[PDB]
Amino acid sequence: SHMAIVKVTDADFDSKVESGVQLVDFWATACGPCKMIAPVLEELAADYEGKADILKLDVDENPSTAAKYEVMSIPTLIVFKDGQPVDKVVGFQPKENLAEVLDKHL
């Protein structure tokens, strides 16, 4: 009923993924993209003081909300307008890009 997923590394990737059909799960124990986006959001919060709020929710500690908004990877950002979800950004994005997303809804 279960078979082990085969581990690949930078050293052997090109040899393992060469012929036929492979599905590769890019994963990690810790959330690197979550850490990368955090200071971006802190700078965005300062740039948008008074105009937009920036909040964070840990999905491992808060499964109910994470399930309600169908969060499937992390990080995922949901823009709310007056309590209603109006936009979604999946994964790390540069500050400039997130600003453009906020701007569309201000």
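Sequential numbering from 1, following the sequence displayed.
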> So which stretch wins on mean C-alpha B-factor, 20-28 or 87-95?
Replying inline: 87-95
> Can you tell me which third, lowest, middle or highest, the CA B-factor of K51 falls into for its chain?
Replying inline: highest
> Taking the C-alpha B-factors as the PDB entry records them, is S64 in the lowest, middle or highest third of its chain?
Replying inline: highest
> Lowest, middle or highest third: where is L106 by Cα B-factor in its chain?
Replying inline: highest
> Mind checking which third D58 falls in for C-alpha B-factor across the chain?
Replying inline: middle
> Among the modelled residues of its chain, does the C-alpha B-factor of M36 lie in the lowest, middle or highest third?
Replying inline: highest
